[PDB]
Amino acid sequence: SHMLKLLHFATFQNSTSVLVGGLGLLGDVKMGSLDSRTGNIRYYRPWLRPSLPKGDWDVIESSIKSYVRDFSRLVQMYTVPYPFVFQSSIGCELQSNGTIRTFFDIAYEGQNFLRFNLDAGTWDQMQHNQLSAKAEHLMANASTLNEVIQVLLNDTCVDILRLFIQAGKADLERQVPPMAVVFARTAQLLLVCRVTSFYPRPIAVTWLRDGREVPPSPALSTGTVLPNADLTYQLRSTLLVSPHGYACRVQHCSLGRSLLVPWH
């Protein structure tokens, strides 16, 4: 599975002022972003620019900048009091299947507000209120744009995806092994397994009691995955125990075989 995702957001501060940002992602690899001051696209990965000719880049940049500009203009024209925020998430995903999933969602005040329907080439209203109803009817009226959106999502996004999978294969296939320590915190005792340095993000950290997986309960917290700045990840998992043998088990694709760290 691979995914190409473009993210955009906009805070409308008043009728003439809007702070925009945007990001391009290939899985969790940041391809580039939108300079929130000049609006010029910045490219973060060296394989990007040579993967397409200049003319294609020019069309991509101009379409991004028109999208952003037209978005702000539509909102100001048709809205509801300042300040508020819109977001977009636009892209496609390729399974190993060969199966394509496309997405084009707009959020408003942090909730799904409009969603593109690829097969019908129209818009689904996502909020049960007048603003979302208006937006849906307005966008339903743009037949030609919607025909073009269908091709952008189903053909051009996918084609660029396939090509980016090949051009950026080094990023995508990069792996970094986890490092893990176990220590106890005063509590009962709270055992902590802290894992860092791993890439890619999927991982399985479990506790063993005498070689046996401790089942889920409120005694066992597995935390949430946290990012490091060098595009690796960190996790902490804990187990409330009473002073059995305990070890933390870390399974990760960089390992094929798992990391086993005993509590001492």
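Start at 1 with the first residue shown and count on from there.
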item	value
Chain break class at residue 243/residue 244 - deposited residues not modelled	1 to 3
Unmodelled deposited residues between residue 187 and residue 188, binned	1 to 3
Greater mean Cα temperature factor according to the PDB record, 122 to 130 or 84 to 92	122 to 130
223 to 231 versus 205 to 213 - greater average Cα B-factor per the deposited record	205 to 213
Peak C-alpha temperature factor (PDB record), options 113, 104, 164, 183	183
Among 197, 38, 33, 66 - the residue whose C-alpha B-factor is largest in the record	38
Residue 218 CA temperature factor, ranked by third within the chain	highest
CA B-factor placement of residue 144, once the chain's modelled residues are sorted into thirds	middle
Modelled-residue ranking by C-alpha temperature factor, third containing residue 5	lowest
Third assignment of residue 250 from its chain's C-alpha B-factors	middle
Residue 138, C-alpha B-factor rank within chain (lowest, middle or highest third)	highest
